[PDB]
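Structure, as structure tokens:
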Amino acid sequence: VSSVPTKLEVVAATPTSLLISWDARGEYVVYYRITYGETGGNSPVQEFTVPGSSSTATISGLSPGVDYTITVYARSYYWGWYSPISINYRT
Amino acid sequence: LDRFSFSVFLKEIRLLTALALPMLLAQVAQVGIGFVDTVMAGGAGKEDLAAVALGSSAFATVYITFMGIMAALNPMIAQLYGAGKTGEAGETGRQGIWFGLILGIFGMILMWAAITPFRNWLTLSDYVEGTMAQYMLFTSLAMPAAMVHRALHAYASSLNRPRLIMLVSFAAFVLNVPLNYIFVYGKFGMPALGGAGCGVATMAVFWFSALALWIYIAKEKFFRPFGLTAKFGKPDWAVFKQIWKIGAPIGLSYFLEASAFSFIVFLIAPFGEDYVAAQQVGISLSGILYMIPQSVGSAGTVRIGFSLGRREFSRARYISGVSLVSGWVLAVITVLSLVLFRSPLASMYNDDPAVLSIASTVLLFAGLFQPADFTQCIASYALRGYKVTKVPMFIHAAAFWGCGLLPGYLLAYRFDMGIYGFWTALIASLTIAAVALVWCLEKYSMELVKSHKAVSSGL
Ligand SMILES: CCNc1cc2oc3c/c(=[NH+]/CC)c(C)cc-3c(-c3ccccc3C(=O)OCC)c2cc1C
């Protein structure tokens with residue numbers, strides 16, 4: 001029962017790959033799954049996954065300048081999901 | 001073909017409350033040092049041919065120049081006040097204090113070499129040399145630039161809420177003025193060598209203000225990590241080599257005002273002489289209270305690079321404006337007390353020995369360049385000051401010299417009573433900065449769109 005890992009930022013890429021640096025004030029019971037694909041709908045989804053106060057990490061950014069949407073995921077108290085938040089801002 | 005300096009004014013919402021006002025007491029602890037100087041300009045008056053400035057301002061060549069580099073961590077360390085470890089941020093503060101001591105021992109070494117003003121090609125009191133106990137301000141006070149970089153690597157680490165330096169660089173100056181003379185001729189002290197010994201005094205207090213750093217791992221948590229300052233990381237260790245291209249770009253760009261050194265002191269060189277070498281109770285009064293001006297940005301330079309770590313993207317560079325502009329209020333509301341007011345019946349014979357019976361064709365650039373430059377560097381200590389961007393800000397000033405190269409010999413040939421006449425494209429060379437820079441501070445507060453890669457969040 002809450003709202004999301006509520007920051008948004010992807011500062012820039014390394015015009016192939018990207019930095020994703022978002023809010024994490026602690027963790028919770030702790031954990032981040034981060035979604036992985038464009039906004040195309042086609043090119044299936046993938047998953048980075050991280051620990052501590054670290055939704056503040058960085059992707060494998062394969063494909064070129066192509067639009068890319070990727071959410072982070074809270075995990076908590078209940079081994080369930082404290083809400084998810086996304087931006088789409090590609091290469 | 002019209003605006004390649006983008007959307008101009010936008011540096012405004014409701015920021016009427018930009019309180020980069022302790023970033024005044026960063027440069028009012030810099031009047032604090034600016035003003036020992038006079039107390040040994042008219043301290044070494046006791047000695048007559050102690051015109052001593054004859055080394056003391058040809059020393060502070062490889063001070064303010066090397067000093068450029070050093071105070072070039074001003075972002076380095078404030079910007080990692082949006083990281084966490086003041087002592088990884090501080091193992092720079094250290095890694096550099098190694099620098100400020102290491103390039104400090106080049107001041108202290110290129111100063112050794114320095115001592116051969118046994119050289120001559122043009123005009124009296126700028127070659128002449130009869131008696132030189134300058135000999136010794138050249139060393140007794142050029143043996144200091146080791147400790148004295150570390151004594152700036154101090155306020156190159158008051159880039160994060162303090163000026164415990166206005167504390168010291170006051171009771172630093174007071175400490176020196178007793179001292180100052182007890183060497184020129186003194187007491188118990190080594191009382192003799194007095195024309196150099198105003199500087200063995202000066203330099204003695206660089207070393208005291210050197211440990212007015214050491215003494216301020218005192219009021220809270222650490223900036224003490226002087227664990228072996230060492231480098232080595234590949235062929236040669238950065239966070240040091242990183243200091244490198246903030247440093248070069250600024251020193252070699254403090255070689256702006258380093259030929260605003262050989263322009264200005266080579267147009268007293270025709271039969272211009274008299275009131276044209278009074279272009280120094282003139283432009284030494286630029287310097288004088290141009291220092292509190294200019295250097296709000298050379299302090300505001302924190303509250304931008306700082307609010308880059310603390311990821312407030314242009315919630316900082318759109319304070320870079322309402323800081324550009326706020327002493328740009330005083331830029332004009334004291335470009336008025338400059339072309340207006342004189343050097344009147346309270347000017348004795350101080351920082352430069354010449355007052356009564358000369359012309360105000362010296363106030364005729366106390367406007368020209370005056371607020372059309374005021375800020376045209378504080379736009380740099382906000383560029384660089386914010387970002388990397390002195391990278392060729394370096395090449396900012398490759399014009400503010402090479403553009404006013406020819407309005408150098410364009411007073412000596414003048415159309416008007418052009419005493420301010422090579423201050424032509426050295427006020428127009430010098431407001432091609434109203435552009436060059438503050439063009440990259442709207443190419444630049446336009447990179448905190450590119451960078452601000454998520455415009456707002458959830459809730
Ligand atoms: C508050 C700062 N006050 C300053 C006061 C100064 O006073 C000076 C007096 C002199 N008279 C002795 C009879 C001579 C010859 C040079 C001087 C220089 C000077 C000398 C040689 C080369 C360059 C400069 C120089 O830096 O000029 C800038 C005005 C100088 C510089 C600064 C900065």
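Chain identifiers are assigned as A, B, and so on, following the order in which chains appear in the structure tokens; residues are numbered from 1 within each chain, and ligands are numbered from 1 in order of appearance.
With only C-alpha atoms and all ligand atoms as the atoms that count, the set of residues no farther than 7 Å from ligand 1 is residues 34, 51, 53, 54, 57, 58, 125, 126, 261, 265, 280, 283, 284, 287, 288, 351, 352 and 353 of chain B.
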Serialized selection, N, CA and C atoms, as a PDB file, in the first residue's frame:
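Final output, part-v2.pdb:
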```
ATOM      1  N   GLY B  34      43.564  40.914  -0.048  1.00  0.00           N
ATOM      2  CA  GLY B  34      43.801  41.959  -1.029  1.00  0.00           C
ATOM      3  C   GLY B  34      44.495  43.123  -0.364  1.00  0.00           C
ATOM      4  N   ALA B  51      60.321  50.598  -3.154  1.00  0.00           N
ATOM      5  CA  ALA B  51      59.404  50.092  -4.133  1.00  0.00           C
ATOM      6  C   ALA B  51      59.912  48.657  -4.148  1.00  0.00           C
ATOM      7  N   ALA B  53      57.196  46.150  -4.688  1.00  0.00           N
ATOM      8  CA  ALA B  53      56.179  45.607  -5.600  1.00  0.00           C
ATOM      9  C   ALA B  53      56.823  45.102  -6.896  1.00  0.00           C
ATOM     10  N   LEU B  54      58.015  45.648  -7.133  1.00  0.00           N
ATOM     11  CA  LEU B  54      58.943  45.322  -8.220  1.00  0.00           C
ATOM     12  C   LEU B  54      59.310  43.823  -8.375  1.00  0.00           C
ATOM     13  N   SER B  57      54.809  42.023  -7.354  1.00  0.00           N
ATOM     14  CA  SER B  57      53.758  41.827  -8.357  1.00  0.00           C
ATOM     15  C   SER B  57      54.284  41.149  -9.628  1.00  0.00           C
ATOM     16  N   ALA B  58      55.568  40.811  -9.617  1.00  0.00           N
ATOM     17  CA  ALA B  58      56.093  39.928 -10.633  1.00  0.00           C
ATOM     18  C   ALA B  58      56.324  38.540 -10.035  1.00  0.00           C
ATOM     19  N   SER B 125      62.195  52.304 -14.485  1.00  0.00           N
ATOM     20  CA  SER B 125      61.327  51.648 -13.464  1.00  0.00           C
ATOM     21  C   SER B 125      60.519  50.430 -13.969  1.00  0.00           C
ATOM     22  N   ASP B 126      60.834  49.992 -15.192  1.00  0.00           N
ATOM     23  CA  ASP B 126      60.392  48.705 -15.761  1.00  0.00           C
ATOM     24  C   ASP B 126      61.560  48.039 -16.572  1.00  0.00           C
ATOM     25  N   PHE B 261      48.291  42.952 -18.542  1.00  0.00           N
ATOM     26  CA  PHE B 261      49.487  43.019 -17.667  1.00  0.00           C
ATOM     27  C   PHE B 261      50.558  43.688 -18.562  1.00  0.00           C
ATOM     28  N   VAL B 265      50.652  47.775 -19.112  1.00  0.00           N
ATOM     29  CA  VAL B 265      52.000  48.225 -18.742  1.00  0.00           C
ATOM     30  C   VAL B 265      52.933  48.131 -19.968  1.00  0.00           C
ATOM     31  N   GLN B 280      46.669  53.205 -13.438  1.00  0.00           N
ATOM     32  CA  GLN B 280      47.096  52.200 -12.446  1.00  0.00           C
ATOM     33  C   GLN B 280      46.741  52.552 -10.985  1.00  0.00           C
ATOM     34  N   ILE B 283      43.374  51.528 -13.001  1.00  0.00           N
ATOM     35  CA  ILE B 283      43.033  50.095 -13.173  1.00  0.00           C
ATOM     36  C   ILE B 283      43.468  49.188 -12.022  1.00  0.00           C
ATOM     37  N   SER B 284      44.259  49.727 -11.099  1.00  0.00           N
ATOM     38  CA  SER B 284      44.457  49.067  -9.815  1.00  0.00           C
ATOM     39  C   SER B 284      43.237  49.341  -8.943  1.00  0.00           C
ATOM     40  N   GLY B 287      40.744  46.257 -10.525  1.00  0.00           N
ATOM     41  CA  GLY B 287      41.243  45.300  -9.549  1.00  0.00           C
ATOM     42  C   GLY B 287      40.622  45.481  -8.176  1.00  0.00           C
ATOM     43  N   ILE B 288      40.800  46.662  -7.547  1.00  0.00           N
ATOM     44  CA  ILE B 288      40.401  46.852  -6.126  1.00  0.00           C
ATOM     45  C   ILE B 288      38.971  46.427  -5.817  1.00  0.00           C
ATOM     46  N   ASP B 351      49.177  52.477  -3.007  1.00  0.00           N
ATOM     47  CA  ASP B 351      49.386  51.282  -3.859  1.00  0.00           C
ATOM     48  C   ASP B 351      50.160  51.521  -5.176  1.00  0.00           C
ATOM     49  N   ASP B 352      50.342  52.794  -5.529  1.00  0.00           N
ATOM     50  CA  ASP B 352      51.083  53.207  -6.720  1.00  0.00           C
ATOM     51  C   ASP B 352      51.382  54.704  -6.572  1.00  0.00           C
ATOM     52  N   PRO B 353      52.683  55.084  -6.471  1.00  0.00           N
ATOM     53  CA  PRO B 353      53.047  56.435  -5.996  1.00  0.00           C
ATOM     54  C   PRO B 353      52.769  57.610  -6.964  1.00  0.00           C
TER      55      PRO B 353
END
```
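For chain A, the residues within 8 Å of chain B are residues 3, 4, 6, 7, 8, 9, 10, 11, 12, 85, 87 and 89 of chain A, with only C-alpha atoms used to measure distance.
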Can I get the selected residues back with C-alpha atoms, as a JSON list (two decimals), in the first residue's frame?
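And here is the file that came out, part-v3.json:
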```json
[["chain", "number", "residue", "atom", "x", "y", "z"],
["A", 3, "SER", "CA", 3.36, 5.04, -4.38],
["A", 4, "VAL", "CA", 6.43, 4.47, -6.60],
["A", 6, "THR", "CA", 9.43, 8.13, -7.15],
["A", 7, "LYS", "CA", 12.34, 9.80, -9.02],
["A", 8, "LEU", "CA", 12.99, 9.91, -12.75],
["A", 9, "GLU", "CA", 16.32, 10.35, -14.55],
["A", 10, "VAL", "CA", 18.33, 8.76, -17.24],
["A", 11, "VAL", "CA", 20.85, 11.67, -17.49],
["A", 12, "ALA", "CA", 22.36, 10.54, -20.83],
["A", 85, "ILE", "CA", 7.60, 3.95, -12.14],
["A", 87, "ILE", "CA", 10.13, 6.99, -18.25],
["A", 89, "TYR", "CA", 13.40, 8.51, -22.99]]
```
Legend entry - Residue set, chain A restricted to strand (DSSP E), as a list in words: residues 13, 14, 17, 18, 19, 20, 32, 33, 34, 37, 38, 48, 49, 50, 57, 58, 68, 69, 70, 71, 72, 73, 74, 84, 85, 86 and 87 of chain A
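The coordinates place atom CA of residue 362 of chain B at 7.9 Å from atom CA of residue 276 of chain B.
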Inset, instruction - For segment 18-32 of chain A, please output as a ChimeraX atom specification all residues within 6 Å (counting only C-alpha atoms; exclusion window: fewer than 4 positions along the same chain). - result: /A:5-10,13-14,49-53,55-59,61,73-77
Can those selected residues be exported to a file as a CSV table (one decimal), in the first residue's frame so that it contains N, CA and C atoms?
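Output below, filename again-v6.csv:
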```csv
chain,number,residue,atom,x,y,z
A,5,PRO,N,8.9,4.0,-6.4
A,5,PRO,CA,10.3,4.5,-6.3
A,5,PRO,C,10.6,5.9,-6.9
A,6,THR,N,9.9,6.9,-6.4
A,6,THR,CA,9.4,8.1,-7.2
A,6,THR,C,10.4,9.2,-7.6
A,7,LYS,N,11.5,8.8,-8.3
A,7,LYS,CA,12.3,9.8,-9.0
A,7,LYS,C,12.4,9.3,-10.5
A,8,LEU,N,12.8,10.2,-11.3
A,8,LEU,CA,13.0,9.9,-12.8
A,8,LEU,C,14.3,10.6,-13.3
A,9,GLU,N,15.1,9.8,-13.9
A,9,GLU,CA,16.3,10.4,-14.5
A,9,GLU,C,17.1,9.3,-15.3
A,10,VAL,N,17.6,9.7,-16.4
A,10,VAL,CA,18.3,8.8,-17.2
A,10,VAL,C,19.6,9.5,-17.7
A,13,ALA,N,23.1,8.8,-22.2
A,13,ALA,CA,23.5,7.4,-22.5
A,13,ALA,C,25.0,7.4,-22.6
A,14,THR,N,25.5,6.3,-23.2
A,14,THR,CA,26.8,6.3,-23.8
A,14,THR,C,26.5,6.0,-25.3
A,49,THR,N,18.4,-6.5,-12.5
A,49,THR,CA,18.0,-6.5,-11.1
A,49,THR,C,19.0,-6.2,-10.0
A,50,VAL,N,18.6,-5.3,-9.1
A,50,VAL,CA,19.6,-4.7,-8.2
A,50,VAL,C,19.1,-4.5,-6.7
A,51,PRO,N,20.0,-4.2,-5.8
A,51,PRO,CA,19.9,-4.2,-4.4
A,51,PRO,C,19.6,-2.9,-3.6
A,52,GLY,N,20.4,-2.5,-2.7
A,52,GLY,CA,20.3,-1.4,-1.7
A,52,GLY,C,19.5,-0.2,-2.2
A,53,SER,N,20.1,1.0,-2.1
A,53,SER,CA,19.4,2.3,-2.5
A,53,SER,C,19.8,2.6,-3.9
A,55,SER,N,18.3,2.0,-7.4
A,55,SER,CA,17.7,2.1,-8.7
A,55,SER,C,18.6,3.0,-9.5
A,56,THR,N,19.6,3.6,-8.9
A,56,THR,CA,20.8,4.3,-9.3
A,56,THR,C,21.9,3.4,-10.0
A,57,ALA,N,21.6,2.8,-11.1
A,57,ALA,CA,22.5,2.0,-11.9
A,57,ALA,C,22.5,2.3,-13.4
A,58,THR,N,22.8,1.3,-14.2
A,58,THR,CA,23.2,1.5,-15.7
A,58,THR,C,23.0,0.3,-16.6
A,59,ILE,N,22.3,0.5,-17.7
A,59,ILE,CA,21.9,-0.5,-18.6
A,59,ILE,C,23.0,-1.0,-19.6
A,61,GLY,N,22.5,-1.1,-22.8
A,61,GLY,CA,21.9,-0.5,-24.0
A,61,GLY,C,22.4,-1.0,-25.3
A,73,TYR,N,11.3,-1.2,-10.4
A,73,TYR,CA,10.3,-1.8,-9.5
A,73,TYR,C,10.8,-1.8,-8.0
A,74,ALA,N,10.0,-1.3,-7.2
A,74,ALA,CA,10.1,-1.5,-5.7
A,74,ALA,C,9.8,-3.0,-5.3
A,75,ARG,N,10.5,-3.4,-4.2
A,75,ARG,CA,10.0,-4.7,-3.5
A,75,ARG,C,10.3,-4.7,-2.0
A,76,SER,N,9.3,-5.1,-1.2
A,76,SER,CA,9.3,-4.7,0.2
A,76,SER,C,8.9,-5.7,1.3
A,77,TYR,N,8.6,-5.2,2.5
A,77,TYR,CA,7.8,-5.8,3.5
A,77,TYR,C,7.2,-7.1,3.1
```
Inset, instruction - Within segment 357-388 of chain B, find each residue whose DSSP state, derived from the backbone, is helix (DSSP H, G or I), and express the selection as an MDAnalysis selection string. - result: chainID B and resid 371:374
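Computed from the coordinates, the atom CA of residue 274 of chain B to atom CA of residue 286 of chain B distance equals 19.2 Å.
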Inset, instruction - Give me the residues within 7 Å of residue 339 of chain B as number ranges by chain, counting only C-alpha atoms and dropping any in the same chain fewer than 2 places off. - result: B: 335-337, 341, 363-364, 366-367
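Candidate residues B:5, B:326, B:279, B:314 were compared for distance to residue 434 of chain B, and the nearest is B:5, using only C-alpha atoms.
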